[PDB]
Amino acid sequence: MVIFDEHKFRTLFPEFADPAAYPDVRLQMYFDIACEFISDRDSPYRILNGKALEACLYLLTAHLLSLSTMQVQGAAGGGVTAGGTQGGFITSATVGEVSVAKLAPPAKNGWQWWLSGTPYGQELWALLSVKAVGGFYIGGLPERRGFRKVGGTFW
Amino acid sequence: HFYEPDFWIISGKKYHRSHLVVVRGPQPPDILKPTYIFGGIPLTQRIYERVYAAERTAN
């Protein structure tokens with residue numbers, strides 16, 4: 001378990017600074033929810049260990065909070081429309097004479113596609129990808145330590 | 001008796017060649033006979049690499 005405090009989250013994300021706009025219980029609830037996506041079991045053998053894992057959890061809480069304020073604020077005609085506003089990465093946008101076309105993320109999976117919808121999710125996806133190099137190896141025993149080798153090594 | 005040790009110092013004293021019986025290896029040539037301390041070519045020198053290769057391949 002990882003204890004979540006308002007102070008680190010608020011100075012990490014200055015947009016979420018107003019207690020009135022973002023109550024403490026809302027942040028705590030979204031931290032509990034993000035615990036399911038990334039387990040907060042802190043171990044020294046994990047690739048996500050310590051402050052890196054805490055940063056990952058904080059970025060996901062920012063992601064969920066961004067979706068939530070998108071939902072509550074809307075806005076269609078002064079409220080929330082039917083079916084809500086869907087997330088996802090804005091590939092191309094056009095307002096007036098201004099047009100923007102951005103590169104699409106390599107989202108090959110639903111989790112990655114949902115992450116790419118918000119920059120906090122993009123933060124989390126980048127951190128997970130950069131920590132996800134190599135892999136694990138389950139099972140197996142030191143079979144080689146019972147056989148003599150060059151230079152009198154592991155006789 | 002060229003390049004044939006006349007005496008052998010074992011413990012201080014020098015035993016004569018005729019007093020003792022010397023058995024030596026394949027008797028290397030003269031120019032590098034002193035390099036073998038006037039002895040012979042050792043079978044350990046002949047098989048410390050071949051034996052290692054055989055044992056490591058067996059491993």
# chains A, B, ... in the order shown; residues from 1 in each chain; ligands from 1

$ closest_atom_pairs --of "stretch 20-78 of chain A" --to "stretch 112-133 of chain A" --cutoff "7 Å" --atoms "only C-alpha atoms" --output "tab-separated table"
residue	atom	partner	partner_atom	distance
A:47	CA	A:131	CA	6.7
A:56	CA	A:124	CA	5.7
A:59	CA	A:120	CA	5.3
A:60	CA	A:121	CA	6.2
A:62	CA	A:120	CA	6.0
A:63	CA	A:120	CA	5.1

$ write_last_selection --atoms "C-alpha atoms" --output "JSON list (two decimals), in the first residue's frame"
[["chain", "number", "residue", "atom", "x", "y", "z"],
["A", 47, "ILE", "CA", 10.71, -2.71, -12.01],
["A", 56, "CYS", "CA", 3.11, 6.28, -12.05],
["A", 59, "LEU", "CA", 0.01, 10.30, -13.17],
["A", 60, "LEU", "CA", -2.85, 7.82, -13.47],
["A", 62, "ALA", "CA", -4.31, 12.87, -12.87],
["A", 63, "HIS", "CA", -5.55, 10.94, -15.93]]

$ residues_around --residues "residue A:154" --least-positions-apart "6" --cutoff "10 Å" --atoms "only C-alpha atoms" --output "list in words"
residues 144, 145, 146, 147 and 148 of chain A

$ select_by_dssp --residues "chain A" --states "strand (DSSP E or B)" --output "list in words"
residues 92, 93, 94, 95, 98, 99, 100 and 101 of chain A

$ interface_residues --of "chain B" --to "chain A" --cutoff "12 Å" --atoms "only C-alpha atoms" --output "list in words"
residues 52, 53, 55, 56, 57, 58 and 59 of chain B

$ residues_around --residues "residue A:48" --least-positions-apart "3" --cutoff "10 Å" --atoms "only C-alpha atoms" --output "PyMOL selection string"
chain A and resi 38-45+51-56+127-128+131-132

$ select_by_dssp --residues "stretch 3-55 of chain B" --states "helix (DSSP H, G or I)" --output "count of residues only"
13

$ atom_distance --atom1 "atom CA of residue A:64" --atom2 "atom CA of residue A:30"
6.8 Å

$ closest_residue --among "A:66, A:73, A:86, A:91" --to "residue A:13" --atoms "only C-alpha atoms"
A:66

$ atom_distance --atom1 "atom CA of residue B:4" --atom2 "atom CA of residue B:18"
11.2 Å

$ residues_around --residues "stretch 21-34 of chain B" --least-positions-apart "6" --cutoff "10 Å" --atoms "only C-alpha atoms" --output "MDAnalysis selection string"
chainID B and resid 2:4 40:43

$ write_last_selection --atoms "N, CA, C and O atoms" --output "compact mmCIF listing (two decimals), in the first residue's frame"
# COMPACT_ATOMS: atom_id res chain seq x y z
N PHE B 2 79.39 -35.00 -23.30
CA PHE B 2 78.98 -33.63 -23.55
C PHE B 2 77.52 -33.42 -23.20
O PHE B 2 76.65 -34.21 -23.59
N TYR B 3 77.25 -32.34 -22.46
CA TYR B 3 75.92 -31.99 -21.96
C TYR B 3 75.31 -33.14 -21.17
O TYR B 3 74.11 -33.42 -21.25
N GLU B 4 76.15 -33.83 -20.41
CA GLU B 4 75.73 -34.87 -19.48
C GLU B 4 76.20 -34.47 -18.09
O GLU B 4 77.41 -34.46 -17.82
N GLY B 40 64.41 -34.35 -19.68
CA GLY B 40 63.71 -34.84 -20.84
C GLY B 40 62.42 -34.06 -21.05
O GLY B 40 62.05 -33.21 -20.24
N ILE B 41 61.75 -34.36 -22.15
CA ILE B 41 60.49 -33.71 -22.48
C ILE B 41 59.38 -34.37 -21.66
O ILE B 41 59.17 -35.58 -21.76
N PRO B 42 58.66 -33.61 -20.83
CA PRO B 42 57.68 -34.24 -19.93
C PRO B 42 56.37 -34.56 -20.62
O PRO B 42 55.83 -33.78 -21.42
N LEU B 43 55.84 -35.74 -20.29
CA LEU B 43 54.54 -36.15 -20.81
C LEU B 43 53.42 -35.27 -20.28
O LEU B 43 52.36 -35.18 -20.92
